[PDB]
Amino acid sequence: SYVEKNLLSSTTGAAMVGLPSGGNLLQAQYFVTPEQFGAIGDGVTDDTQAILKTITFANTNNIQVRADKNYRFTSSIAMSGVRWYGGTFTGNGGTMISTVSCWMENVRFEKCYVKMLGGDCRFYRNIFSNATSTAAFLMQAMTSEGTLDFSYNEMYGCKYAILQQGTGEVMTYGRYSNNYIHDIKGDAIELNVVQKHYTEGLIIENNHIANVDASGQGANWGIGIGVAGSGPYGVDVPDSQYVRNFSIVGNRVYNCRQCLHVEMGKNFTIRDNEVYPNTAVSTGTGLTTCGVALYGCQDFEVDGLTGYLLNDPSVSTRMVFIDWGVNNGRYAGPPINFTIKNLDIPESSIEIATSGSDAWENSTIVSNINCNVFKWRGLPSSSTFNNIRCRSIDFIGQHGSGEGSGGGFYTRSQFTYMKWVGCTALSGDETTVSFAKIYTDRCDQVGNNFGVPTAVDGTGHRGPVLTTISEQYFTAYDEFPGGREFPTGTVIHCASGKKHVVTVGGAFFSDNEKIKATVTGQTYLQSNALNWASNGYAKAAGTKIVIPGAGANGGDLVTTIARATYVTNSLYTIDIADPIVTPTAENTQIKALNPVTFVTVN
């Protein structure tokens, strides 16, 4: 009639306790807890053996674990098939918990790390804090094929946060999404030599990363998000060496030396990421500071990039860096077949080194850019440049040895195509472009604020020599419009029916031009002879001019007209973009940097 103590305390004693359902308390045990196997959970007492017994019971009986205290442990723990919800694991700093086919939510991994060994693992709403192991979440030498969803976790205070080394059985599919990774000393997400993995997709999306500083650490530590296939680099190496079909989308990477990195990737997309590189972090690791660094990649797109560098522009403005690989220091594996678009990074610069050959196609597309320096090396079989707004262009087509990565390695004698449409090189009043070695068979160019010169690599080798006419103008008057630079081939049609054809691109300044005396520091010039408010002796802003003897130590000053003709103090006046250095005397001549030659028909 009464309850016996030894029956109530037995392993079936809970069956003696009724519940509102009409069932009993034994039927309510849908979980176990570590404390039932001897765990103290005070974060100090060594609970390793209790955790091991909990895992064995959970595995043996296929029952989930619930926990809420803090289990100090001091040697490796191996979990397989476990569902674990809640609690904190506290290691010695870098103590390992391995997982095969485990599902873990709401857990904190303090001063320890998880190593995934395979199966379908799922990690949601966990915290990985203060690991002193190489990585806080490691995939390495998996013993069975895996899939992974690693989402809505927070990671901080560690070295590497997420690290994969591709040796062993493959991860066939993985999603790394919506994680918050911050204040770390290695890489945030690094998937290294994983070319055999992710046949059914690698997606790294909407992760928020902040403060990645590997200063004092080893070589190449400190990347934000990195994905790497396997060398050797080379234009014709097998597809199987590359990591393929992956996507890096919607991530935010703040205060990191090299925010996004791919090497030996193929058929991938880097889409709509926001990056803030900083030269001041990860000092000594050898990484090129930038937002996106791609080495030896093929068949890829970069679409959508915002941000700027946190350091002063005098240290670096490099944001996009696309380069050849290197095998034992020798350039190899030019980037080919790629599309770069929607880079809204006006403070920051783009540096691309590519190539082109008769032995393989390389088609490049660059579109919808807003950047600082646009620097380019290499001459693809076809290259298009559309709606690029930049502050300067530094461009060599078939670059040679000493002119950038892989210079001199490949040439293309067959049909080579280029297009420039709707681009703008402008920094205030200055149009600053440099083009060379563009050995094209056809180059379409229209709508730009500059001309693109093309060149011939041996007589006859690019067909008949032609100059594209990119500018034509109508004037109501007959005199040649003064003070304005026109490219070679420009045609001016007059209302009278006369026509001017520019045979040497440049601007017209009369031989009778005279200016007033100038003093050091002056940024305006005034006419002492000609009517600068006439069309024939006009002065257009943006035109490059030379003021004899006004530069350093009586050299010639090359500058740009900053403001077109105006009258002040009863004198025709222009502003210049650079100050007088050496004073000049009354009735000095000004002239064009590039003096025009034209012929007039009728």
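Each residue number is its position in the shown sequence, starting from 1.
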- Comparing 472-480 with 437-445, where is the mean C-alpha B-factor higher? 472-480
- Average Cα temperature factor in the PDB entry - higher stretch of 50-58, 556-564: 50-58
- Task: Identify, among 287, 302, 426, 495, the residue whose C-alpha carries the highest B-factor in the deposited PDB entry.
- Result: 495
- Residue set 118, 250, 422, 506, per-entry CA B-factor max assigned to 506
- B-factor third for the C-alpha atom of residue 220 within its chain: middle
- If you rank every modelled residue in this chain by C-alpha B factor, which third holds residue 264: lowest, middle or highest? lowest
- Ranked by Cα temperature factor within the chain, is residue 364 in the lowest third, the middle third or the highest third? lowest
- Message: Going by the CA temperature factor in the PDB record, which third of the chain does residue 195 belong to: lowest, middle or highest?
- Response: middle
- Message: Ranking the modelled residues of this chain by C-alpha B-factor as given in the entry, is residue 295 in the lowest, middle or highest third?
- Response: lowest
